[PDB]
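Here is what each chain is made of, one letter per residue.
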Amino acid sequence: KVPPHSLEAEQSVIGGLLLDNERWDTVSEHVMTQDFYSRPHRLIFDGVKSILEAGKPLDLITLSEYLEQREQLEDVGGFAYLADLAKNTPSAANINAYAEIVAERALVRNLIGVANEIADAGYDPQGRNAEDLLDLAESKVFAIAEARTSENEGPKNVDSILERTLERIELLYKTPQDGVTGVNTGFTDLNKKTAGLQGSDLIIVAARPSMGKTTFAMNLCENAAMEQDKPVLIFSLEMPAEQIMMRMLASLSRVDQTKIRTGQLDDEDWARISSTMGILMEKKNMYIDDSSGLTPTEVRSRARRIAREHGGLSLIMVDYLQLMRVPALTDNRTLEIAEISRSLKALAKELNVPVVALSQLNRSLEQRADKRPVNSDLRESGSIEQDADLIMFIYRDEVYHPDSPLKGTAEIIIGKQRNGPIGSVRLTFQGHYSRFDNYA
Amino acid sequence: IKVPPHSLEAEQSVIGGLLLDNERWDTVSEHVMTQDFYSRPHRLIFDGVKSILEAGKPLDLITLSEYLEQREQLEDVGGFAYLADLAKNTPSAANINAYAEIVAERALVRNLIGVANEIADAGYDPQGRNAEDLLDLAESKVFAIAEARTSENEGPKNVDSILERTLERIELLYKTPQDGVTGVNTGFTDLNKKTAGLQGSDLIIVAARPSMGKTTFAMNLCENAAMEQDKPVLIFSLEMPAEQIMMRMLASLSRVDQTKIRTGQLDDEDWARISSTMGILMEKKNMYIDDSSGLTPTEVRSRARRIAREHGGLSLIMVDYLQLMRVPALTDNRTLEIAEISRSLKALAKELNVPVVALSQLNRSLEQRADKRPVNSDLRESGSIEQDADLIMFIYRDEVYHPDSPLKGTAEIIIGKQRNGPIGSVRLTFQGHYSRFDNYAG
Amino acid sequence: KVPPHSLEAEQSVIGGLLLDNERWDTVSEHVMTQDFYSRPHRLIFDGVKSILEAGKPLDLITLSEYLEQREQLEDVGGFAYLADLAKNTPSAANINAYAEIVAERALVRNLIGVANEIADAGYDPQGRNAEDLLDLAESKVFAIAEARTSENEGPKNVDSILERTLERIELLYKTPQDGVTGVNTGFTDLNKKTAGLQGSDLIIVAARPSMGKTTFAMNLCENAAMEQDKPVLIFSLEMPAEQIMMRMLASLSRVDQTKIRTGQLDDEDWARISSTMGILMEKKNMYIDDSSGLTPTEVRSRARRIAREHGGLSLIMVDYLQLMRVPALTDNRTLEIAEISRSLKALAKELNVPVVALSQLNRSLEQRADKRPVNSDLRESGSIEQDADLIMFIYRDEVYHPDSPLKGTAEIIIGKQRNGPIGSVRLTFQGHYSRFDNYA
Amino acid sequence: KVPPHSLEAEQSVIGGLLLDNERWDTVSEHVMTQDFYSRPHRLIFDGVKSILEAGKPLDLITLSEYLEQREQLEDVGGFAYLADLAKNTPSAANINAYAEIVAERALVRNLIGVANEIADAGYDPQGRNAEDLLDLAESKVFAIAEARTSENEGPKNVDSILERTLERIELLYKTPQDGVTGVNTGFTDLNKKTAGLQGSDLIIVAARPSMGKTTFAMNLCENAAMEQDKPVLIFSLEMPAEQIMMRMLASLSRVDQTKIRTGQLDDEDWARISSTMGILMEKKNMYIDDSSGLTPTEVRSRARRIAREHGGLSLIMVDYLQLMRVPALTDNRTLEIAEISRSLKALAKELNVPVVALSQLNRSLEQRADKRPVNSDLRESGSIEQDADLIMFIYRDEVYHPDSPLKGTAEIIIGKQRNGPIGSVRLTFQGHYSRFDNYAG
Ligand SMILES: Nc1nc2c(ncn2[C@@H]2O[C@H](COP(=O)(O)OP(=O)(O)O)[C@@H](O)[C@H]2O)c(=O)[nH]1
Ligand SMILES: Nc1nc2c(ncn2[C@@H]2O[C@H](COP(=O)(O)OP(=O)(O)O)[C@@H](O)[C@H]2O)c(=O)[nH]1
Ligand SMILES: Nc1nc2c(ncn2[C@@H]2O[C@H](COP(=O)(O)OP(=O)(O)O)[C@@H](O)[C@H]2O)c(=O)[nH]1
Ligand SMILES: Nc1nc2c(ncn2[C@@H]2O[C@H](COP(=O)(O)OP(=O)(O)O)[C@@H](O)[C@H]2O)c(=O)[nH]1
Ligand code: ALF
Ligand code: ALF
Ligand code: ALF
Ligand code: ALF
Ligand SMILES: [Mg+2]
Ligand SMILES: [Mg+2]
Ligand SMILES: [Mg+2]
Ligand SMILES: [Mg+2]
């Protein structure tokens, strides 16, 4: 069987670039040295990539001298190969189209290389289980799909920006806003600044330990399961599915958590518990995943399952970003968090649903004396701010100071917002029932 | 030529062990089906098993033989000799659920190779299919195996399964007379009101400044834990030996000063209280002390599993010092050493479903702070503890910092963190002589 | 010659563990993967160690699948080897006895491997001298004796603890204590907390440079040579035997060191010097080793010599723990200090005599502003606190502050004590005569 | 396999002892009859041990008659073996070194004999268990370590120490001390606390840059070359030999450095310069090494050279401890300084002369506001305090404060002293002539 490649297409990219150097700006955007099939073609392009990047003029002799010094000239096929290359394809402007068909053959070749990697790992497991082999197969397949999206990105001209900016103002003015657009948060004061939990964008809710990360995230999921028709998916890594349910019953029935974990509660308290269960089983939107160490592959497979089974998802939530692990970057922690954050943003776009990830801030804010959470304390964990579209921090002054002003009232300080503006929203926190309500 | 992923012994173990015990079919049918079996004779035999056991009819060597004989599949599977040797092989029970998992394991990999070969053959032979078209065809076929995979224990749960499990917990709690205590009794009535007992499977950290009474308060919990709870208590003494712990134990229960014990001088009246202590101690024999200097997170797990398997199961695990514990891999990085030790202790608590009481020390930052009231920030300097912990309680005695401080001889256990319940402060009278923590009245 | 091994004993351990999984708790305590002779037996046990550790059931097929995936099944001897293993030895409970005889053959095999290592190094030295070859032979022999003691340690039931605790209290109440138990320190205020320098336990005296580490250690040895009948051994690494003697004469005669090193002293001063020599030569308990760089093997050999020659030792003292060196762990300093501290504790138990080691604290305490020595400043040097049974620090406030309160009075702050309690003892320091006396 | 032995080494011990009988006193201390490999060599030495012990003269015929009577002469190899033995190795004094290598081969031979004993007992246990075989192996190994009595490093009883200590005090009481003991510093106020620059101990003079580290060190060397008869060695790393000489001429002639570097000075100033040169060339004790980056090996080799050439040294001085480098620990700076400090202390003991090393303190004292040098500021550079026997810091208040009290007077604060006490000595500093003189008032 012959591998998918086109020798004429590889010759057309280099052959037409020797005559016109100006086309390199758009040609380099589509292909690289790795995309070329044969070894002499890879060696020739490796010189092209170096000469044209510096801004130096590229021709038949300038490229020949780069190969002659490295003694690759007699290896590629002498000067006769370079001479026949300039002679062939004297066409211009269509070089961008020639670069697309080189990337086309290379992508299929990379896909077969991954398909054979899965097959060889299947017959020869060497300790690898069915669960381990499933993650290895999907992670390698996603690498081709991830590389296919990193291309064509870069800076933007005013034409594309103005059209996108004016359309945003027009649609906002047209619709009767009332804050809500997309997914309802449940808080009127928050909806004014947030403009609802937008689809396909990554949301990170970060706070100091025992501030109420899981509490506030669940408080969003209470209203997300009630308001939105489509189901809500929750990945509980830290605490089990049972503990989440006790906090859920307390938030909706509005009866203290201490009464639930002990079991002692009167007939009056039981009536509020009874009313909660009824509304919960009418929609059945809530789904909890009580898994200790999830992989970015396992999150994708389980999200696709519920979306295919129940029409489609509405909101995905993660109990802990740090508790998630990647098998490839286990050694490097900085790259582990960077890839997990990159995988969660790509999962949001894949399903067009808001992803609410919970992350913890470094001890730097406690030493800082100000103790008001800043984005810099979260950068110490890994690359989160770059991938995130909306970052909101939970800060309760009653934690640091005993008789602090507005005791029992927390302020959700919005540290980052790509879509809208940044600020701070005060919400009354009821510790007993683990509820976040609108402050008046 | 490559051999497909299958195990003939694993396929034989599922059927072979199910012929003797019919009751196991309830959990075995949950993992595998007729399609999961590799060879044709194995598929024909299981197809009969699936039909006989579903009706509730007894399954044996002849009942299964008659199902095959009527369909003329008996001479095709390998006669009665194949069925006879199947019942003879693997006379083991209960591990049939584990045998069903490895049959599904080989079948899933076999399905994955079938998809991997489908992608490879479509790659070389596109027939109109473009790179974009081939990418969608490859991912959709791979996702079909991940969608069909319905692993129970780890994976998604619908509200129906969760609500039923949650409501059964509240029902059993409302039925039984709670009296505040839920799980493990601390021994202090004022503490039990806020703590709601030492909950199972959650991580508890008792942190204080040196010589405040970390080992003293932890042992004071273990005095009542060995008396109240029927299941044994495990203690890992890293700092001080097993002998020193016992002298503090005898002083706490007999209520005779430690200074009398270490010198040996005590009257007949003092000896009578010592005598009464030993009697109750040897009636239950719940106390277990590990006098090891530098324990590893692997050594803690192995020793905890031993006592749990030998004495039915544990009730409470205690560590004398979190900082004295060491990890061989992260010896160079101290921040990662403490982070992994704290992560290992929480995972050990969940593994045995028992409260783990770890003792940690706070940084000198609180002494410079002038307030000297312990805060969680002083413990974060040691490593990642607050993130893993479920309950953090600090020991603060005002008589240490100030000589004639108000409520002298009374310490306040300030609860810095509680994931399950609320946070506060509980005052308990501290008797330094006998190394006892008792309930304060007033 | 056939190596010491038993194939039936190796087969009996695995063969009886396949049927009864519950026995692994006590079997794993005696043997490991390294103890098995043949390669197929090592591969089979390596699977047993992994499956039973997780808690997963161990049988004929579960173990076969672990080998089949790693392609070790056809290498160990097919399924027929595993089948005949389960058939053989159907006995239970005696598996713990089978594990002991596997460790027995393996220990002798390791001893021969060390015996051949010494013999081959003898004929082929390659730069190694007689002194170098002696240290290499003893260090390798001690490694087998050290591994023989690390086993069978683990958790303890109340039965073993109570019997050991009650025997300690009974013997203490029986004997007329008078504070002192074991070796007399010479200080009445110190003896109350220390309860004498206990036998077989490791003692570390740590302080900041020029605080009086050598001064206080010698002040203990003054009284140790006078009170105790058995001789005292001192390893002087930093200063020579002559300098130690001048400090010794000054401490007992009570005449300033400055008079001795200059030689100018009157008839009244000479009479006190004369009285010192008389008592010194009556017992002759003092022994000084003026060696620059001692090895843990050299310390053991020289300690055994004096103990065998003079009935037995009473107290061993080291001038500097950091000045001692190990030839194997020369590159890694953290492991060098860790092994030296581990060797000194094992030497104390071997001779049942208190070992007084002198160590220096890191500069961290000077930057700390408090300047009161803590155990954390000593951990920076290496693993000392874990091995040590008693740690006492020397802190003189007159060093840091000129007109400090209680000038000429040092406080011996006990940082660690495994046997008894921790505190602080004030002793009057006389810099002139290099004496530590009881403060009143 | 050939057993560890040296026939030439066995021949060298006896061969060189036949000519010089006086060496037996130190040769018998290292080896015995058992240490000799071959049987004829053992028989010959057995006679040597008996004849020389009585005090009888040992030669070719006296030893031959001892063997001839016992009929061992024809067994050892006739008189021809004894004749060729006296002919071979006509060297003397190195016989003690030949005895050490005979004991070296014998100890390894005994170790192999024990190693083979363990191996043979391992394969053939005959009732012996693993616990029994472990005790048998260790007890036999310890027997070689117990028999090993290495002199130079081994244990010393109080009898040998007291006799050596009392002889030191006796010689010191006999000679007129006058406070100064060892090397004269030149300062009367300093000599009272320091008790002279003691031999074989390491001295570190540390101060903040431009305080006068090189100035004070040279001020010690001015008096060290004048008072002490034995030469003084100086390793100038920072500045060259010429710059050191201009500071030297200024200190003794007592004429400002600014006049010397410009060259302008009157006949009155030249007369003081003239008097300096005269006294300098009368003793010629000063030696300067203008090398940029010296290694601890290069310092040892150059110190041994001057000591062997000029009878022996008196004081070794280093311009900069930090400027010195080690080729092995080039990457790790903390270990570089630690080994350099350890090498300089071992060099001091090797030559029994005070080593004056100059080191710089960290910027921590400037931030501290007190600015009075403490030992903690020097620990940041490396491991110096642990190796050092005497540390003295230079602190001038006129540097930090313009009109500071006692302007032109520096205080040498003694931070460490293992031998004597710690304090502070005030000395008047004359910046012009780069002189440190005794302060009065
Ligand atoms: N008053 C009260 N507070 C509670 C109760 N249960 C939990 N809390 C508080 O609710 C918060 C829970 O925060 P959580 O989300 O689990 O922590 P995080 O995810 O680390 O930020 C903590 O501040 C607890 O003190 C309860 O029963 N009563
Ligand atoms: N009055 C008195 N106090 C004692 C006695 N024994 C111990 N203590 C005190 O009890 C406390 C023991 O604390 P400990 O748990 O060992 O220290 P930690 O683990 O570092 O906090 C200290 O405050 C001691 O002063 C005794 O016999 N009498
Ligand atoms: N007053 C006085 N102090 C002295 C004399 N000799 C030594 N010292 C002091 O005694 C101490 C000796 O400490 P040393 O044990 O050698 O140092 P370390 O081992 O590094 O702690 C130092 O503080 C010296 O200053 C002396 O003759 N007079
Ligand atoms: N007044 C005056 N001071 C001088 C003269 N030459 C040098 N000095 C001072 O003498 C000192 C020399 O110190 P030096 O030992 O070289 O520096 P260090 O080794 O870094 O401490 C400095 O404080 C200079 O300012 C001079 O001609 N006149
Ligand atoms: F302490 Al948490 F999520 F409960 F960081
Ligand atoms: F001082 Al402690 F446990 F006894 F920290
Ligand atoms: F300075 Al030292 F022992 F004399 F550390
Ligand atoms: F500045 Al310098 F020696 F001259 F440190
Ligand atoms: Mg959480
Ligand atoms: Mg403790
Ligand atoms: Mg010392
Ligand atoms: Mg200088």
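Summary of conventions: residues on each chain are numbered from 1 in written sequence order, possibly unlike the entry numbering, and any residue without coordinates is omitted from what is shown. Each chain takes a letter, starting from A, and each ligand takes a number, starting from 1, following the order in which they are written. Because the shown chains make up only part of a larger assembly, each value pertains to the shown part and nothing beyond it. Note that water and hydrogens are dropped before the side-chain values are worked out from all heavy atoms of the structure.

**So, the overall build of chain B**
(1) Moving on: When you go through chain B residue by residue, the secondary structure sums to 19 helices and ten strands.
(2) Moving on: Our radius of gyration is a C-alpha quantity, and the globule rule it is checked against amounts to 2.2 Å times the number of residues to the power 0.38. Taken against the 2.2 N^0.38 rule, which gives 22 Å for 442 residues, the C-alpha radius of gyration of chain B at 31 Å runs more than 25% over that of a compact globule.
(3) Moving on: Across its three principal directions, the C-alpha atoms of chain B cover 95 × 60 × 45 Å.
(4) Moving on: Here chain B holds 442 residues, and the buried ones make up 53% of them. Only runs of H or I of at least four residues qualify as helices and only runs of E of at least two qualify as strands under DSSP, and these elements are numbered from the N terminus. Think of it in three bands: residues with accessible area under 20% of the maximum for their type are buried, residues over 50% are exposed, and the middle band is partly exposed, with areas taken using a 1.4 Å probe on protein chains only.

**Topic: the overall build of chain D**
(1) Moving on: Within chain D, the secondary structure is distributed over 19 helices and ten strands.
(2) Moving on: Computed over the C-alpha atoms, the radius of gyration of chain D is 31 Å, more than 25% above the 22 Å expected from 2.2 N^0.38 for a compact globule of 441 residues.
(3) Moving on: Expressed along its principal axes, the backbone C-alpha trace of chain D runs to roughly 95 × 60 × 40 Å.
(4) Moving on: Where accessible areas are quoted, they stem from the Shrake-Rupley method and a 1.4 Å probe; at the residue level, only the protein chains shown are allowed to cover. Summing over all exposed atoms, chain D offers an accessible surface of approximately 21200 Å²; the carbon and sulfur share of this is 49%.
(5) Moving on: Counted charges follow a simple rule, with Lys and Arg positive, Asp and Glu negative, and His plus the chain ends left uncounted. Think of each charge as sitting on NZ of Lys, CZ of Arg, CG of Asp or CD of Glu. Of the side-chain charges in chain D, 50 are positive and 67 negative, and the distance between the mean point of each set is 6 Å.

**Comments concerning the site of ligand 8**
(1) Moving on: By nearness alone, every residue bordering ligand 8 is listed as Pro209, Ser210, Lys213, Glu238, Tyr320 and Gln360 of chain D.
(2) Moving on: Residues were grouped as follows: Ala, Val, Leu, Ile, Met, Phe, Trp, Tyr, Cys and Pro as nonpolar; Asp, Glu, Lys and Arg as charged; and all remaining residues, including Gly, as polar. Of the residues assigned to the shell around ligand 8, the class counts are two nonpolar, two polar and two charged. A molecule or strand has a residue near it when one of that residue's heavy atoms lies within 4 Å.

**Section: the site of ligand 7**
(1) Moving on: Inspection of the region around ligand 7 gives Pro209, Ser210, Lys213, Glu238, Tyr320 and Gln360 of chain C together with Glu385, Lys416 and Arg418 of chain D as its neighbouring residues.
(2) Moving on: When the residues that make up the shell around ligand 7 are grouped by side-chain class, the tally is two nonpolar, two polar and five charged.

**Quick notes on the interface of chain C and chain D**
Accessible area lost when the parts come together is the quantity often used to give the size of an interface.
(1) Moving on: Whether two residues are in contact is decided by their heavy atoms, any of which lying within 4.5 Å being enough. The interface of chain C with chain D comprises 73 residues on the first partner and 63 residues on the second.
(2) Moving on: Between chain C and chain D, roughly 6700 Å² of surface is buried when both sides are summed, and carbon and sulfur atoms account for 63% of that area.
(3) Moving on: The rule for a salt bridge is simple: a side-chain nitrogen of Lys or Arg has to be within 4 Å of a carboxyl oxygen of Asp or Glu. For the pair chain C and chain D, the number of links is twelve salt bridges.
(4) Moving on: The shortest N-O distance in the salt bridge between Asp120 of chain C and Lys1 of chain D comes to 2.8 Å.
(5) Moving on: In protein, a polar contact means a hydrogen-donor-capable atom and an acceptor-capable atom, both N or O and within 3.5 Å, with residues adjacent in sequence counting only if both atoms are side-chain atoms; elsewhere, any N or O pair within 3.5 Å suffices. Put simply, chain C and chain D have 17 residue pairs in polar contact between them.
(6) Moving on: Each residue belonging to the side of chain C that touches chain D can be placed in one class, and the counts come to 36 nonpolar, 14 polar and 23 charged.
(7) Moving on: Of the pairings in the sheet, the one linking strand β4 (residues 286-289) of chain C to strand β1 (residues 156-157) of chain D comprises two bridges and is antiparallel in character. If you follow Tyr287 of chain C over to β1 of chain D, its bridge partner there is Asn157 of chain D. Throughout, buried area stands for the accessible area (probe radius 1.4 Å) lost by two parts on being put together, summed over both. The pairing criterion is simple: DSSP has to find at least two bridges between the two strands.

**Details of the sheet that holds strand β1 (residues 156-157) of chain C**
(1) Moving on: Spatial strand order, β10(B)-β9(B)-β8(B)-β7(B)-β2(B)-β6(B)-β5(B)-β3(B)-β4(B)-β1(C): ten strands in an open sheet with mixed pairing. If you trace the sheet from one side to the other, it starts and ends with β10 (436-439) of chain B together with β1 of chain C, each paired once.
(2) Moving on: With four bridges connecting them, strand β9 (residues 425-431) of chain B and β10 of chain B associate as antiparallel partners. The residue bridging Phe430 of chain B from the neighbouring strand is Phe437 of chain B, located in β10 of chain B.

**Some words on the sheet that holds strand β1 (residues 156-158) of chain B**
(1) Moving on: Reading across from one edge, β9(A)-β8(A)-β7(A)-β6(A)-β1(A)-β5(A)-β4(A)-β2(A)-β3(A)-β1(B) is the order of the ten strands in this open sheet, with mixed pairing throughout. Looking along the sheet, the strands with just one partner apiece sit at the ends: β9 (435-438) of chain A together with β1 of chain B. In this sheet, neighbouring strand axes are inclined to one another by 25° on average, regardless of whether the strands run parallel or antiparallel.
(2) Moving on: Where strand β1 (residues 202-207) of chain A lies against strand β5 (residues 355-360) of chain A, six bridges are found, and the strand directions are parallel. Among the inter-strand pairings, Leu202 of chain A is bridged to a residue of β5 of chain A, identified as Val355 of chain A.
(3) Moving on: Sheet strands in contact with helix α15 (residues 296-309) of chain A are β2 (232-235), β3 (286-289) and β4 (315-318) of chain A together with β1 of chain B, and its direction is about 155° off that of β2 of chain A. Angular values range over 0 to 180 degrees, each being the angle between N-to-C directions of two axes fitted as lines to C-alpha atoms, with helices fitted over their stretch in contact.

**With respect to the pairing of strand β3 (residues 233-236) of chain B**
Residues and elements named next belong to chain B.
(1) Moving on: Across the two faces of β3 the burial is the same, with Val233 and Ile235 and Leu234 and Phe236 all buried.
(2) Moving on: In this structure, β3 lies alongside strand β4 (residues 287-290), joined through four bridges in parallel fashion. From the neighbouring strand, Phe236 faces β4, where its bridge partner is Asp290.
(3) Moving on: With four bridges connecting them, β3 and strand β5 (residues 316-319) associate as parallel partners. Residue pairing in the sheet places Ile235 in a bridge with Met318 of β5.

**Concerning the domain arrangement of chain D**
(1) Moving on: Each assigned domain of chain D is listed with its residue range as follows: domain 1 (7-147) and domain 2 (188-438).
(2) Moving on: What fixes the domain bounds is an automatic or database domain assignment. Centre-to-centre, using C-alpha coordinates, domain 1 of chain D lies 53 Å away from domain 2 of chain D.

**Section: unusual backbone geometry**
(1) Moving on: The phi torsion at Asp179 of chain B lies on the positive side, around 60°, for a residue other than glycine.
(2) Moving on: Tracing the backbone shows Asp179 of chain B in the loop between α9 (159-175) and α10 (189-195).
(3) Moving on: Under the relative-accessibility criterion, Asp179 of chain B is labelled exposed at 73%.
(4) Moving on: Despite not being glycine, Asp178 of chain C shows a phi value in the positive range, around 60°.
(5) Moving on: By secondary structure assignment, the location of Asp178 of chain C is in the loop between α9 (158-174) and α10 (188-194).
(6) Moving on: On the basis of relative accessibility, which here comes to 75%, the residue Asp178 of chain C falls in the exposed class.

**Some words on the arrangement of the chains**
(1) Moving on: Out of four pairs of chains that touch, the pair holding the most contacts is chains C and D.
(2) Moving on: The two units chain A and chain D remain apart, with a minimum C-alpha distance of 22 Å.
(3) Moving on: Between chain B and chain D there is no contact, and the shortest C-alpha to C-alpha distance separating them is 17 Å.

**Focus: a negative patch on the surface**
All names here are of chain A.
(1) Moving on: Residues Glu65, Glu68, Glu71 and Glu74 make up a contiguous surface patch of negative charge.
(2) Moving on: With respect to the helices and strands, the residue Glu68 is situated in helix α4 (residues 60-69).
(3) Moving on: Taking relative accessible area as the criterion, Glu68 reaches 45% and is therefore assigned partly exposed. A patch consists of residues exposed above 30% relative accessible area that lack any salt bridge, with like charges linked at up to 9 Å and nonpolar side chains (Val, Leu, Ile, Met, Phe, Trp, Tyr) linked at up to 5 Å.

**Thoughts on the UniProt feature "binding site: Mg(2+)" (unreviewed entry) in chain B**
Residues and elements named next belong to chain B.
(1) Moving on: UniProt positions are given in the numbering used here, feature names are shortened, and annotations may be inferred rather than shown by experiment. As recorded in UniProt, the feature "binding site: Mg(2+)" (unreviewed entry) lies at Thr215, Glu239 and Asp320. Maximum C-alpha separation among the annotated residues is 9.4 Å over a sequence range of 106 residues, consistent with a single clustered spot.
(2) Moving on: Of note, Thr215 is situated in helix α11 (residues 214-228).
(3) Moving on: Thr215 gets classed as buried once you look at its relative accessible area, which sits at 8%.
(4) Moving on: Sequence-distant contacts of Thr215, defined by excluding residues within four places in its chain, comprise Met240, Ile245, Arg248, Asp320 and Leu359.
(5) Moving on: Examined against the element boundaries, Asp320 turns out to sit in the loop between β5 and α16 (334-352).
(6) Moving on: Given a relative accessible area of 1%, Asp320 falls into the buried group.
(7) Moving on: With residues near it in sequence (within four places) discarded, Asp320 still touches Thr215, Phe236, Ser237, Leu238, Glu239, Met240 and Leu359.

**A look at the domain arrangement of chain B**
(1) Moving on: Assigned domains of chain B: these are domain 1 (8-148) and domain 2 (189-439).
(2) Moving on: The C-alpha centroid of domain 2 of chain B is placed 52 Å from the C-alpha centroid of domain 1 of chain B.

**Comments concerning the packing of aromatic side chains**
(1) Moving on: By convention, a stacked pair of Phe, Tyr or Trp rings (six-membered ring in the case of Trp) has centres within 6.5 Å and planes under 30 degrees apart, an edge-to-face pair has planes over 60 apart, and any other such pair is tilted. This structure, assessed with the given rule, holds 24 aromatic pairs over all chains.
(2) Moving on: When the ring of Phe217 of chain B is compared with that of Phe437 of chain B, the centres are 5.3 Å apart and the planes differ by 80°; the resulting orientation is edge-to-face. With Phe217 of chain B in helix α11 and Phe437 of chain B in strand β10, the pair connects residues that are 220 residues apart, well separated along the chain. Taken individually, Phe217 of chain B and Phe437 of chain B each receive the classification buried, so the pair is uniform in this respect.
(3) Moving on: In textbook terms, an aromatic cluster arises when at least three aromatic residues are bridged by ring pairs, as seen for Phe187, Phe216, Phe429 and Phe436 of chain A.
(4) Moving on: Sitting over the ring of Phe142 of chain D, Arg304 of chain C keeps its end group 3.8 Å from the ring centre. Note on criteria: charge over ring means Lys NZ or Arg CZ within 6 Å of the ring centre, with the direction from the centre no more than 35 degrees off the ring normal.

**Focus on the UniProt feature "binding site: Mg(2+)" (unreviewed entry) in chain D**
Residues and elements named next belong to chain D.
(1) Moving on: UniProt feature "binding site: Mg(2+)" (unreviewed entry): in the numbering of this structure it lies at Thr214, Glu238 and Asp319.
(2) Moving on: As for its placement among the helices and strands, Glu238 is situated in the loop between β3 (232-235) and α12 (241-253).
(3) Moving on: Owing to a relative accessible area of 47%, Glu238 belongs among the partly exposed residues under this scheme.
(4) Moving on: Not counting residues within four places of it along the chain, the set of residues in contact with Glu238 comprises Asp319, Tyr320 and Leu323.
(5) Moving on: Counting through the fold element by element, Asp319 comes out in the loop between β5 (315-318) and α16 (333-351).
(6) Moving on: Not counting residues within four places of it along the chain, the set of residues in contact with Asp319 comprises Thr214, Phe235, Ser236, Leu237, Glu238, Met239 and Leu358.
(7) Moving on: Engagement of the side chain of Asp319 in a polar contact is seen with the side chain of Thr214, the distance being 2.9 Å.

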